[PDB]
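One-letter residues, chain by chain:
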Amino acid sequence: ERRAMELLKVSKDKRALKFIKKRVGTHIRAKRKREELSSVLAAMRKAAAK
Amino acid sequence: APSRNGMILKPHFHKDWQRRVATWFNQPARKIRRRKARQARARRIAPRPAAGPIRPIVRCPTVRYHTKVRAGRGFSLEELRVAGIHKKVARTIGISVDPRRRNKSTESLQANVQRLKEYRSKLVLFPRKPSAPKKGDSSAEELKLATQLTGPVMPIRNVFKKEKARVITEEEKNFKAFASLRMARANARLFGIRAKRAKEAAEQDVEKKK
Amino acid sequence: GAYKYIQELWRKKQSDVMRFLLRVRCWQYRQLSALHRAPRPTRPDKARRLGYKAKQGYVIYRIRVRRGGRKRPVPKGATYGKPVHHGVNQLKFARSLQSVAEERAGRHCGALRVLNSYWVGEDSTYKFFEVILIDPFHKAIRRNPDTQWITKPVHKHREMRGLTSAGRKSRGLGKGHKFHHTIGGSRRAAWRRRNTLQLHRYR
Amino acid sequence: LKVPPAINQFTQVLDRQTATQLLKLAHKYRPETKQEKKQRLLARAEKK
RNA sequence: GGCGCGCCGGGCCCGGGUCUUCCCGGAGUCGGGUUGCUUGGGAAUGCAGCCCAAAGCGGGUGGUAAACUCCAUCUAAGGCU
RNA sequence: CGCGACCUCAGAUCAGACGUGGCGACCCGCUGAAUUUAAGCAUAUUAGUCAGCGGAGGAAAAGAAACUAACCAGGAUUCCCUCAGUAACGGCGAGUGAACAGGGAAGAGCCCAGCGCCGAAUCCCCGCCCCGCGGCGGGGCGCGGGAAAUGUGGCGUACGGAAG
């Protein structure tokens, strides 16, 4: 999770999808999770401005 | 060594079958038990039917047996509630109960709301003590005349509605039987191929305009 | 109230916290004996799912199991026979390193009855399990209607005959198309139906 | 060992003049003894 | 012994239909990669080890691998009969 | 230095209750061959069978669906007839091999962990009388000990459940 939130910061969101697959499960098990991590990442890219 | 003309054939006696052989010499005074302990059953349950809690109107599935009707497991929980009988009171007066069954058509749902009134009416119900009855409990004349039932209760027989001999109109005779089976086969299979090319041909008119 | 958060935090082992706790505690089971009693249950949440209550009767032992596989027993390594059956080093056990826990609690404590088990630590040679058991003569258990299903002479040594939920899984049963080799009671009796001749009288 | 921060806040504890003062307000709001329930349950059947 | 029916003696203060507002569930497990046994199950029917190891419009199943999709049908990781 | 609470851990011919061993014809959990078939023989076959070890009962085991379907839908489990020597495997060679639908025997259906309301409302052991029992159960009386908030009992669990 920490490591996949370091390819999402720097926008390599394919390699990151292709990295989460091996760990957690199938292509749709690595989809919502890649959609969850992006949204907490996007959280702390708000709470810094405020 | 096969002689000559003569069918090839594969036996499964290569195991030690003899050590597991089953015989039915029992067969005659195994029947005469069932029938005895059968005969015990309903002397224990006196004026209650030996035919037991009543089985619903239920089909047989798939395209082979889908013309038929048979007895089932139990009445669905939207056939009991509409009629006016509860699920834990229905067990206590010969009406079947099953938590799984479905209601997908209304042609086998109206047939099972009427089934439970037929029954509710023709039942005979005894008082709690012989010396003090109440309200829904039946009179002491039926109960005199009332008695046990034999064989399935209101048994479902095979049914079909008749039809007359008819003068055919001039558009029945002008209807193809084989060429209407072949133009419904053609449009079911090819509709996937149809819709993507009415899309790809209408895709190119949008591009060359803009 | 508090048992909603105790479940969800044990489901976070790869965090910082639970990584530390499943480490200190596991050092501290390589130190004590290979079967030993435990004063109160460690995961009181997870236990209370698999049946436990707190009342003068129940009890927990905490057994440890050597980890790994099976190696086929013959002198030096010389299985005399055909080539298929030269196999000794990559074969496996059909039941589990759970149920081997439920059983060794079972044999030692022969008065008591097994009920269920659950996970608690692992190392690289050891897996550690806790293991519920019940005194079937304590008047508390004899006289709660609910419990008395266990006191009865048939439930003797459940662990030994594939009956506990950790037990059941090897015998290969469920419902449907995926489990065809059991229809009948159990694996053995599928086989038997398929191999009789059914010799009636007239034939 | 590097005790992490959430389990590390249990070494943080209330001091001496507050710990012997906080058990004197709770001294007036205790639950009743087990012997008190024999003159409270019994005290209903005297007045009624 | 077994059913039925009085006299004293013990419990037990309990039931259904319309309207509003709350509220809901089993984790090192499901799941995969690999290795060995098993099955009539064929790009693996079931079981086990070692590694990786979840989700909540979510999870299994739908007999040929997968991506992109609407439907159909069951609630798995606790228990008795 | 002492005094007291808890937690984790000794010892007893301490008070009262349990296990071992036997028989094994049928049942459950393991482990497990080679003769022999292929006119040779290594995969296959024998066969998850023989021998080995373990646990029970008057039957065992299974059991109210993470079920079959593709229908105008059946509705726990076991058992007989059928489905079939089929669909599927197989040096595609010898050879092995189901299920669902259909019709019968038998027919019965339910309980918690968890979310939270009801002053633990809950249980075990002991001293004393009245009855009483060769399945130690019935009532009264204990400033009698203990278990328990690291969670006992009551309503209650997907067919939904609760309060007003």
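Criteria and cut-off values
- Residues numbered from 1 in each chain as written, not as in the entry; some residues may be left out.
- Chains lettered and ligands numbered in written order.
- Part of a larger assembly, values for the part shown.
- Heavy atoms only, no water.
- Near = heavy atom within 4 Å.
- Polar contact = N/O pair within 3.5 Å; in protein donor to acceptor, adjacent residues only side chain to side chain.
- Helix = DSSP H or I, 4+ residues; strand = E, 2+ residues; numbered from the N terminus.
- Nonpolar A, V, L, I, M, F, W, Y, C, P; charged D, E, K, R; others polar.
- 1 Å grid on protein atoms, 1.4 Å probe; cavity = no way out; pocket = protein on both sides within 12 Å on 5 of 7 lines; lining within 4 Å.
- Points joined across faces, edges and corners; volume = space filled by probe spheres on them.

What the entry reports as its method is cryo-EM, with 3.2 Å given for the resolution.

Novice: Kindly report on the protein's contact with RNA strand E, identifying the contributing residues and their values.
Specialist: As a matter of local geometry, RNA strand E sits amid 41 residues, with C:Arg11, C:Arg43, C:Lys46, C:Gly68 and C:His180 nearest to it. Sugar and phosphate atoms constitute 73% of the interface atoms of RNA strand E, taking the interface as everything within 4 Å of the protein. At 3.0 Å from a phosphate oxygen of RNA strand E is found a side-chain nitrogen or oxygen belonging to C:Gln7. C:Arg11 has a polar side-chain atom sitting 2.5 Å from a phosphate oxygen of RNA strand E. Those elements that place two or more of their residues in the surface near RNA strand E are α1 (13–24) and α2 (32–44) of chain A together with α3 (44–50) and β3 (113–122) of chain C. A breakdown of the residues in the surface near RNA strand E according to their chemical character gives eight nonpolar, 13 polar and 20 charged.

Novice: So what about the layout of surface pockets? Which residues, and what values?
Specialist: Rolled over the atoms, a probe as big as a water molecule pinpoints where empty space is left. All names here are of chain B. Here the largest pocket defines a volume of roughly 1,100 Å³. Lining the largest pocket are 30 residues, with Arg-48, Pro-49, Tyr-119, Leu-123 and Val-124 sitting closest to its centre. Residue assignment for the lining of the largest pocket shows that the elements contributing at least two residues are α1 (28–44) and α5 (114–122). No other element matches the three residues that α5 contributes to the lining of the largest pocket. Among the residues forming the lining of the largest pocket, the class breakdown is 17 nonpolar, five polar and eight charged.

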